[PDB]
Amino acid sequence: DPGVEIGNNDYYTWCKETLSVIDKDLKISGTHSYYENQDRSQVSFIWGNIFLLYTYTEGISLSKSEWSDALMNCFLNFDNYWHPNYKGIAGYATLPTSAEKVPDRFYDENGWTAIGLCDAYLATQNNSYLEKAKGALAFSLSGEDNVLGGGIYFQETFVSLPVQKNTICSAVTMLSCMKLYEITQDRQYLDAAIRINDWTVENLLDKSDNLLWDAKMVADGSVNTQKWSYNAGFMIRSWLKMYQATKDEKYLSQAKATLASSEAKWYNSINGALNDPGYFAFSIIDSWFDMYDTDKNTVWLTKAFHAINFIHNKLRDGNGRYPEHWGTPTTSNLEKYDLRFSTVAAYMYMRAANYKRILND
């Protein structure tokens, strides 16, 4: 029973507490923008804001009236990161930008954002959210070409990084495509997800453990074989959507094989720890929630609540802050922190609150 794991845990309150501390530490006074880190000297990179977007969006499921304004204010902050036309195409930048400036854009960042904006549209029916979801996803899809036979580049403007195509770009683009396919019923999104998936499985999936390698270098086809939880997790979420859309059992079997291997590699089911950066490992928890949505087996929720309980009860420090990595209990207060460390925890708490509500309905 997940009931045993949920107990009297007030996930909804834990989320609000976490958001309060984030705002205190990192909200830029007089704005709805956030600093990157404890130095409070640079506006945040887009990524930590994406976890806020996800949190407020999920909040709508708990209370539309409580979270609608927060979601809209977040969306309007994202407008600061939107570039309406750089070298012929619109898309989000990693830092605030405007039409007359040169942006630094990433195909993965745009897909992470597209996912959130699709969910925001599903929650609210606000067309402006979907317009940007489509624009962000179009930007991600513009990173796809037949160099290496397919796949999507890490970034628009390579400088110090070698030119490469990356699993996370495949995976967030696939999931975005599947969400927009559900909304629009336009088969071109489904076909894109299938094409990108076929390339990704052929080039970046390790058949020995069903985990995902990180990237493939354009210069020589060499693979970065580092295995990160989020490369598996976003592929699992995508495959589960593809299963729902196609009813082809191959997607479910692949999702289950990759998820089992992800649990074996990263999850200590005894204490609930996830042995990776939180801003990656949360994707395994979202995979468990998707599995519950798929088969209604409550054991998936027991795992999710156990891991989220660990975050609160073992990772949270004496100042209500969160560490980068989820693998080990926190034993002293953090001196350094970036926006994404606590925002991902807030998101997890809101997801947990939602599933607690669903179980008690």
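The numbering used is simple: start at 1 and walk along the sequence shown.
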### Query
Taking the recorded C-alpha temperature factors, which stretch has the higher mean, 129-137 or 220-228?
220-228
### Query
According to the deposited model, is the average Cα temperature factor higher in 154-162 or in 107-115?
154-162
## Note on the structure
Of the residues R195, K207, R237, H83, the one whose Cα carries the largest B-factor in the deposited record is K207
### Message
Sorting by Cα B-factor within the chain, modelled residues only, which third would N9 end up in: lowest, middle or highest?
### Response
highest
### Query
When the modelled residues of the chain are sorted by Cα temperature factor, does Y292 land in the lowest, middle or highest third?
highest
### Task
Report the third (lowest, middle or highest) to which the CA temperature factor of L122 belongs, ranking only the modelled residues of the same chain.
highest
### Query
For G48, does the deposited CA B-factor place it in the lowest, middle or highest third of the chain?
lowest
### Message
Looking at the temperature factor on the CA atom of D79, which third of the chain's modelled residues does it land in?
### Response
middle
